[PDB]
Every structure is written in C-alpha cells, then in structure tokens.
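Trainee: how would this look folded up:
(3 chains, ligands or ions: 4)
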Amino acid sequence: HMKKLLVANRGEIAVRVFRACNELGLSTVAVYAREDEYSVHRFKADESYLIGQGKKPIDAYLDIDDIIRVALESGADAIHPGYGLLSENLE
Amino acid sequence: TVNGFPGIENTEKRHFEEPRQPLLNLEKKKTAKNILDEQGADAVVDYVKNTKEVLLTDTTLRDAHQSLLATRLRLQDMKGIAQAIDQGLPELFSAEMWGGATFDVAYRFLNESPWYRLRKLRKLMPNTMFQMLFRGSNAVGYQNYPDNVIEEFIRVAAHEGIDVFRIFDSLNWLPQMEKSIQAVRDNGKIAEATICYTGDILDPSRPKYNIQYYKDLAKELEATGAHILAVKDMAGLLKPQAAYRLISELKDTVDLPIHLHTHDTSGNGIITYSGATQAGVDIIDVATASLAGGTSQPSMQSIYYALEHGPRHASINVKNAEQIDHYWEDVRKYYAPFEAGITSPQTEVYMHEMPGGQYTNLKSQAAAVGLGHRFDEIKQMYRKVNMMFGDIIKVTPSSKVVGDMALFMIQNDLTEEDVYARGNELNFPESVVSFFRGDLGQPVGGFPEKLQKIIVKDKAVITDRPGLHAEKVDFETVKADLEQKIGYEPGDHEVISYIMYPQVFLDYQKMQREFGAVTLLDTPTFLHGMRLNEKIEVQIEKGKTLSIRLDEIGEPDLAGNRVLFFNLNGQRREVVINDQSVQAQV
Amino acid sequence: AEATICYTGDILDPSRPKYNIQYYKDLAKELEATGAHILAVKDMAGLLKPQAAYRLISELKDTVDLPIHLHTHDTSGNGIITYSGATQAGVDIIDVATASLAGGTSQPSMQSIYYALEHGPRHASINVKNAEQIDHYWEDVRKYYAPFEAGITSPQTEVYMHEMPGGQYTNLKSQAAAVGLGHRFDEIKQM
Ligand SMILES: *C(=O)CCCC[C@@H]1SC[C@@H]2NC(=O)N[C@@H]21
Ligand SMILES: [Mg+2]
Ligand SMILES: [Mn+2]
Ligand SMILES: [Mn+2]
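Mentor: Numbers count the residues shown, from 1 in each chain, chains lettered A, B, ... in the order given. Ligands and ions are numbered 1, 2, ... in the order given. You can find the structure just below:
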C-alpha cells in the first residue's frame, strides 16, 4: 500500500496534489530547484529536497534521475508528475 | 542578534567558509567495538593484550575541547566529522566523547542534551567504541549520589551507547569506585579502573605517592575485576623516566592492560607517551593535532611519527587523521570567543600541579574578582595550600577545593600559621568544609587532624563512604514530579539528568520551550545570531529546511522592544524582541 | 667554526634515497676535512624524526670525532623527543628556546627538555629554576608583540609533507593572502 507520495512538479499543481494526498492520509515529498527555494509548494509538504543542483531550474525540474533518486531515498512509494514538465514523458 | 550570546563579548558575525571535508582512504577492518558487540568485554581485553602496537583513544570529542575551548564544542561540528572519524580511523580503540564537564556544560551553556549528543554520535559512529569519564560515586555531578542513582546512570549510559567507563575517584579511594565498576561489569561493558597520578615517583623528597603506593593501588584495582587499568595524569605531571618506571612496575604487578591519559601542559606529553610505550603500555589518550598541545592531549599525528620506526608503532591511519585535522582546524575558528590564552610549554605545572581545566576555570573566576592581577601569588598559594592539606590528589572536584581554599587565603591576606591561629572564627568556603567533613571521601593518610577540627567546627564529619549516608531516591516519585514539571512523561535518561542536575535540567527545559532545539544551528549563527541581509538554512528535520533571512532590524521603541524583519520560508515575519541595553518605560 | 649540515628528506625512509645516511656521513667527513670545530646538524623545518635522530647522530658520532650540535624546530610537535633521541645517541649541544617563546615553529623549550632528560643517563646542563624565573620576563615581553603573533599554533605534521621551514611558512602565507590566494593556500602547500 502507498504511504508516501512525491510530486515531480512545482507551484499550484504540487500544492493541489499535496492537499489531495493529505486528504487521503498520505505523506508528501516536494522537490524544488535552487531558484524555486521560495516557492509555496516546498513548504506545503512534509519533506522537501533540492533537485538539479547546478543546472537551469527548468532543466532541474526535468531531471529524471535526480527526481527518482530523491523519491527512492525519501521512502516515497509513488510519483505524481502533475502537468507540463514530465507528465507526458514516456522515459 | 540584539542582545548577544551571554558570557562572551558581542562581535559581528564573521564570514566563515565551509570546513574542509577529508579525502579518506577507507580500509574496512574489525574494530574493538565489533569485538565487544559480538564477543564481550573479555575478548576486547584479550584483543588489546594481543596487539603489539600501541592503541590510541581519541580525546578530541571530550577532553581536547574541555582543555582548550572550555568544553564549548557543539554537536553540529561533532556530527560534521563523526562519520569520517568512524570510517577513516577504524584503528582507534575508543573515542572519548562523554563525561566530565561535558554533561553539565552542554545543558548549562550549549542548551543541548548530552544524551541527544550521545544518541546522534552513536548513530553516526556505529563501529567506534564510546568512552565516558566516570567520576566515581559522583558520576557527572559534584555532590555525592546514592548507589541506585549510579547504577541507573550506568545502565542508561550503557544502553544508549557508552562502551568504556573510565571510573576514577577524586582521592583514589576504592570504596567510591568498586560499586560503579561492578555495575559497569554487570551491564556488559568495559570498566576502566583509574589511578590519578600525582607528585613524582622518582623524587625521594615526596614519598607519600611512591611506586609501592601505585603498585598496591593497582593490585586492589585488579582485585575488583575491572577490565582495564587506567592511569590518569591530570596535570601532565608524569615525567618520561617516571612514566617508564611506573608503567614497568604496573606491568609486572597486574595482568590488566594499561591505559595512559596525560596532558601536554609541560610540553613533555609525546616523550612521556613514548616512554610508556617502551615500557609496554597498551592504549594512550591522544587528540587531533588542531586541538592538541597546551592543556590538551598530545597529537595523534605527532605520536604516529614519534614511534614510526621504533620497536612499537602506533595503530592509526595518519593520512586519514591528517585529513580530519583539516576539518578540526577549520571548525576551531568558530570558537574564538572561548579560546584560552596564548599556548606555551608550561613547566611550572610541576610546582602547583593545577589541572588545565581547573587552571583556566580558576583564572576566569579570579579574573571576575579584582584580585586577579597576582595570579602568580594565587598559584603559589595553591601549591602551599596543597602542601598544607596533606598533599591531596588535585582533580575534579578536589582540585576545586584547593583552588577555592587558596583563593580564600590570598583574598583576605591569610597565611598557614595565621589560618591555624584564626581558624576558629574564620568562615571558610563551602568546598573546604565539605571536603574536610568527608563528603568527597577519605584521603590517603587522612585529614590533618588539627586542621580538620579548625576547618569544620560544629558540623558532623563522616569517615565512611558518603554514598552510604545519601538520602534514598525513588525513581517513580521523581519521574512523576518531573512529568508534572516538564509537562510530558520523561525517559529514564531525563529522570537521571533531573536527579543529578535538578535546576540545570529544568532551566534547559525552559530554554527548550522558549528557543527550541538550538543545537541544530551552526556555531557562528549559534554564537553571533544573524547578520543584516544574511541568508542561513536551518535543517530542523530530514527533508525540512528553514530558510531564514534577516532583512532589517528595527529601532527600539519606548518600551525597549525591537522589531526584526525576518523572511522565514519566503514570507515576511516580524519578530518582537526586547533589547536589554535599552531602558524600558521611557 | 660550526660547519652545518642541512637536513632534508628522511634517512629511515627508503623511497627517498638521495639524502640517505651515507650522504650525511660523506658530508660530515668532508666537513671534518676542513678545520671546523663542531659539526652542526640544521633541521630548519623540523623534519628529523626521533628514530631518525637517534640513527643519524649515532652514524655521525662514529664517523667523525667533532662534537655534534643539533638544531631543530617542533613544528610537528616532536622536537623534545627528537632531542631526547639524539641525547641517547650521544649528541653534545642542542638548540633550545625559553618556554614562553617555544613551541610551534620555534625551538623546543629549554625548561621542558630538562624535565624530559631528568633522571636519565644524561641530564641537561641548565639551572631550570633560574630558567623558569627568566621565562616570566619573556612571557610579559611577548605581550608587547601582539601585532606580530603568528596566530593559533598547533603541532603540524604536514611539515613532513611540504618541508616548508617556519620562516618560509609565515612569509609565503602573507604574500598569498596579499595577492589573493590565501583561501587556496592548501593547494599552494600541495604544489
Ligand atoms: C513549465 O514548464 C511548467 C509547465 C507550464 C506549461 C504547461 S504546458 C501544458 C500545461 N498547460 C498550461 O497552461 N501549462 C502547462
Ligand atoms: Mg597491547
Ligand atoms: Mn584529562
Ligand atoms: Mn632555525
């Protein structure tokens, strides 16, 4: 069973999935770039982790391996991509 | 930010670069902690006895910063390098990270639980044995405690990760040690019975502490079943020829492995360690190079090259130790307000025999009073008061008695025959009368009988163990009272800390309810607050990092309150804090 | 006249064979060929380990009959044990400083080398009670030279790594921070 979910997105949609997960009784993991350090979605989750260190922030949010590494090391069971960045990404 | 750290002078917050992480050459090896966990204490003792090399105990985490940084080293700088110490130096016998003044000082000044520090270090150092300094019948406090308190502390400390207990008495008295030794043995850990070396064994003018005294004391310490015999040189008094002779006569007397702990106060620590190594010592207490020398221990990097091509080498990875010393050098610069005086080899410690921590604490205490300009007179009075008391062992807390007594002597212009004459009406300090009443135990050769009746006039003295006369403490009612006091059910460690330090633990709880876990902050931020337009990140949890920016410090109003404009997690938050310098109600 | 051999490398390490024991033996023979009165051994960077100190002095004592003068620094924190190792090998004169101006890049202490060699085969010819009384003056005088203090000094076994003498350590670190390389002074020491 799922106990923890990571959102591989930012901004409004990340907060929306966080609210849905909290209504469903799930732990929430946020990911954020360095340039998105003051985003609301970073502080709306139980755990927040910096991703894409050194890259452009949009490229940081498109980093598949870093997001998967954060989700694996945080104990997250699922990844919600939101929309836009990697929601339709097959890889 | 507005009021400064209490006890130090308010500077600006200096810019500090990140400390250098070590580049380690890891070598997977079986440590003594693994042998203790799998096979017990006796197999550890056999492993020490079967090692031809001299083992090293790292005193960086307790004694090096107790001597040099006024034991103000915090858990953040410890945990920045604890994993690197555990992995890069598996050759260490143990790491002394607890006990002594650390337990009181962390609660009092650092506002962090020593139990929390022990838990974090144990999680970060799984393969390194943890050594504590056990002060006999008064385990970490100064007042005497009942036996059930001592065994409860030993049980909880052994459960939370302490593996080696260096048990010593302030006056080298076996009744104040053997109960703690038995409790440590019962808890499955290693008991380190300790002799406090004082005087000179090669000086015929002082035969009170000669080689036969240490021989018979080591015999009775081996009779109690303690695993390792320890020799604590508190003030760096062990001369190298004296070290060789003492270690030889202790090696041909008992079968226990010998542990030597000395200070480099006279500048002869390295040669003393080498002379003990030639005589057949097993473990020696060393520190990292950046926190070595002066009142601290000799360097482990120096003691590697001191025995590099001799008959016995030191078991350490000196490249990894030199790499870790870069981090220690970088993080020493955070504690500039707590730095002691300019270091030098001080051979005058052979005269007054002051322990280094006692030396700096008494220097600060005498600097608080306007009398502190004649510190040479204070040291001479310390030497003569020690001679007048009957040449007692001057370690914590008996060294405090000698220091307070001598400071009282030259504070009111007293003399030895003068204090003999006027001692009927003199109001001596509480430490001297409590020592002469027998609350610290029975000294070797007894008290001076005329001076005893002069010091304590009407109060009852005791010649037996003070732990026999201690008031009984029941843990259930203490736990209930503490739960009433702190608002939640306390652990065994919290109750144990409440028993020995009642007001200190409660004030720590008040500081925890007011300021939270300040141990998670970095040391420059902990000591100097926050700068204007500064950005700090505070990790309060795994995955939770507080982004704090100080935007503007407001002017104080008529009530003395200042509004600080913080940017907490991207949002503006105005914090109202009272300025102590600004007078209120104006 | 004190003919002086400057010491570098490690005589007890076979990976550095240029300055081995035979090089110092031949140099001591060449210096004794001249009319030098005392052979001097300068350890400017404190590189002489105590096991190497016993080996080098004993191999020079049976090579030449000149008295051996040893001078070293305790930058590595091993100055006292190096002098005690050479005392066992039969060194004649050692270079010591007063206790208030000892340690670090300076010489090992005169007051501490007495107690190190006390009750041994050879004592140190000094009045340590008079030396400790003199050291009170140097402790007070050193307070006048606060602007010229090096800083917080610890035993540094990295002097075995880069072999920088103590005078060169303070001087070169001053220029690196002056030009702007003080933060990379570790990489300067590496190279
Ligand atoms: C930045 O790359 C985040 C995605 C923002 C654009 C995407 S494209 C499809 C979604 N529709 C929309 O209006 N925005 C989303
Ligand atoms: Mg051994
Ligand atoms: Mn000590
Ligand atoms: Mn020189």
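
Trainee: Get me the contact residues on chain A for ligand 1.
Mentor: With C-beta under 6 Å from any ligand atom as the criterion, chain A meets ligand 1 at residues A:58, A:83-85. Using the backbone N, CA and C atoms, a C-beta is placed for each residue, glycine as well.

Trainee: now those residues as a markdown table including neighbour count and secondary structure?
Mentor: Shown next, in a markdown table, are the residues of chain A next to ligand 1 (neighbours: other C-beta atoms under 10 Å in any protein chain shown; DSSP: H, G, I helix; E, B strand; the rest coil):
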| residue | neighbour count | secondary structure |
| --- | --- | --- |
| A:58 | 13 | helix |
| A:83 | 10 | coil |
| A:84 | 12 | coil |
| A:85 | 17 | coil |
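
Trainee: For residue A:84, give its distance to ligand 2.
Mentor: Taking C-beta to the ion, to the nearest Å as the measure, residue A:84 falls 66 Å from ligand 2.

Trainee: count of neighbours near the residue nearest to that residue when sequence neighbours are not counted?
Mentor: Excluding the flanking residues, the one nearest residue A:84 by C-beta to C-beta, 6 or more residues apart in numbering or on different chains is residue A:9, at 7.1 Å. The tally of other residues near residue A:9 (other C-beta atoms under 10 Å in any protein chain shown) stands at 25.

Trainee: show me what contacts residue A:9?
Mentor: Contacts for residue A:9 were tallied using C-beta atoms under 8 Å, 6 or more residues apart in numbering or on different chains; they are A:17, A:41, A:61, A:80-87.

Trainee: Who does residue B:578 form a beta bridge with?
Mentor: Beta-bridge partners recorded for residue B:578 (DSSP bridges): residue B:561.

Trainee: is it true that it touches residue B:560?
Mentor: Yes. Look at residue B:578 against residue B:560 with C-beta atoms under 8 Å: they come within range, at 5.5 Å.

Trainee: So if I had to pick from those two, which one is more boxed in?
Mentor: residue B:560 (16 against 13).

Trainee: pretty sure that one contacts residue B:579?
Mentor: Yes. At 5.2 Å, residue B:560 counts as touching residue B:579 under the criterion of C-beta under 8 Å.

Trainee: what's the first-to-last distance across stretch A:75-91?
Mentor: 22 Å (C-alpha to C-alpha, to the nearest Å).

Trainee: tally of neighbours for residue B:9?
Mentor: By other C-beta under 10 Å, neighbour count at residue B:9 equals 7.

Trainee: same question, residue B:260
Mentor: Neighbour count of residue B:260, defined by other C-beta under 10 Å: 28.

Trainee: Repeat that for residue B:124.
Mentor: Neighbours of residue B:124 under the rule other C-beta under 10 Å: 17.

Trainee: Helix, strand, or coil at the residue in chain A positioned nearest to chain C?
Mentor: Nearest residue of chain A to chain C (C-beta to the nearest C-beta) works out as residue A:54 at 20.9 Å. Of the three states, residue A:54 takes coil under DSSP: H, G, I helix; E, B strand; the rest coil.

Trainee: what's the answer for residue B:319, then?
Mentor: Using three-state DSSP, the structure places residue B:319 in helix.

Trainee: need the contact list for the closest residue to it other than its chain neighbours.
Mentor: Leaving aside its sequence neighbours, residue B:319 sits nearest to residue B:25 (C-beta to C-beta, 6+ apart; 6.1 Å). Residues in contact with residue B:25 (C-beta under 8 Å, 6+ apart) are B:88, B:317, B:319-320.

Trainee: okay, those residues in JSON lines with neighbour count next?
Mentor: Supplementary listing: these in JSON lines, determined by neighbours: other C-beta atoms under 10 Å in any protein chain shown:
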{"residue": "B:88", "neighbour count": "22"}
{"residue": "B:317", "neighbour count": "20"}
{"residue": "B:319", "neighbour count": "16"}
{"residue": "B:320", "neighbour count": "22"}
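
Trainee: elements contacting the helix ranked longest in chain A?
Mentor: For chain A, the helix with the greatest residue count under DSSP state H is helix A:11-23. For helix A:11-23, the packing partners by 3 or more C-beta pairs under 8 Å, 6 or more residues apart in numbering or on different chains; DSSP states H and E come out as strand A:4-7, strand A:27-32, helix A:40-43.

Trainee: Please enumerate the shared neighbours of residue B:578 and residue B:560.
Mentor: Taking C-beta under 8 Å, 6+ apart as the criterion, residue B:578 and residue B:560 both touch residue B:584.

Trainee: Quick check: the nearest residue to residue B:289 once chain neighbours are set aside vs residue C:108, distance?
Mentor: Using C-beta to C-beta, 6+ apart and skipping residues adjacent in sequence, the residue nearest residue B:289 is residue B:299, 4.0 Å away. Counting by C-beta to C-beta, to the nearest Å, the gap from residue B:299 to residue C:108 is 15 Å.

Trainee: Contact partners for the residue in the stretch 351-500 of chain B that chain A sits nearest to?
Mentor: Nearest residue of the stretch 351-500 of chain B to chain A: residue B:488, at 22.8 Å (C-beta to the nearest C-beta). Residues near residue B:488 by C-beta under 8 Å, 6+ apart: none.

Trainee: One more: residue A:15?
Mentor: By C-beta under 8 Å, 6+ apart, the residues touching residue A:15 are A:40-41, A:44.

Trainee: Over to residue B:44?
Mentor: Contacts of residue B:44 (C-beta under 8 Å, 6+ apart): B:32, B:35-36, B:190, B:227.

Trainee: Need the max-distance pair from these.
Mentor: Farthest-apart pair in those is B:35 and B:227; separation 12.4 Å (C-beta to C-beta).

Trainee: If you count surrounding residues, which of those two has more?
Mentor: Taking other C-beta under 10 Å, residue B:35 and residue B:227 do not tie; residue B:227 has more neighbours (22 against 19).

Trainee: With the flanking residues excluded, which residue is spatially nearest to residue B:112?
Mentor: Counting by C-beta to C-beta, 6+ apart, the residue nearest residue B:112 is residue B:519, at 3.7 Å.

Trainee: Wasn't that neighbour part of a helix?
Mentor: Yes. Residue B:519: assigned to a helix according to three-state DSSP.

Trainee: helix or strand for the residue of the stretch 201-350 of chain B found nearest chain A, which one?
Mentor: As assessed by C-beta to the nearest C-beta, chain A sits closest to residue B:327 within the stretch 201-350 of chain B, at 22.0 Å. Taking DSSP states H and E as the definition, one finds residue B:327 inside helix B:318-332.

Trainee: Could you give me the buried positions within whichever helix or strand comes after that helix?
Mentor: Going down the chain from helix B:318-332, the next helix or strand is helix B:349-352, by DSSP H and E. By neighbour count with 16 or more other C-beta atoms under 10 Å in any protein chain shown, helix B:349-352 contains the buried residues B:349-350, B:352.

Trainee: near ligand 2, which residues of chain B?
Mentor: Counting by C-beta under 5 Å from the ion, the positions of chain B adjacent to ligand 2 are B:51, B:282.

Trainee: Look up the closest residue to the most centrally placed residue in chain B, ignoring the ones flanking it.
Mentor: Against the mean C-alpha coordinate of chain B, by C-alpha atoms, centre = their mean, the closest residue is residue B:100 at 3.3 Å. Spatial nearest neighbour of residue B:100, excluding adjacent residues (C-beta to C-beta, 6+ apart): residue B:133 at 4.2 Å.

Trainee: Can you name the residues bridging to that neighbour?
Mentor: Counting by DSSP bridges, residue B:133 forms beta bridges with residue B:99, residue B:166.

Trainee: gap between it and residue B:461?
Mentor: 28 Å.

Trainee: buried sites along stretch A:22-41?
Mentor: Going by neighbour count (16+ other C-beta under 10 Å), the buried part of stretch A:22-41 is A:26-33, A:36-37, A:39-41.

Trainee: Tell me how many other residues surround the nearest residue to residue B:369 once chain neighbours are set aside.
Mentor: The shortest distance from residue B:369 to any non-neighbouring residue, by C-beta to C-beta, 6+ apart, is to residue B:411 (7.3 Å). If you count neighbours by other C-beta under 10 Å, residue B:411 ends up with 15.

Trainee: From chain C, how far off is residue B:411?
Mentor: 23 Å (C-beta to the nearest C-beta, to the nearest Å).
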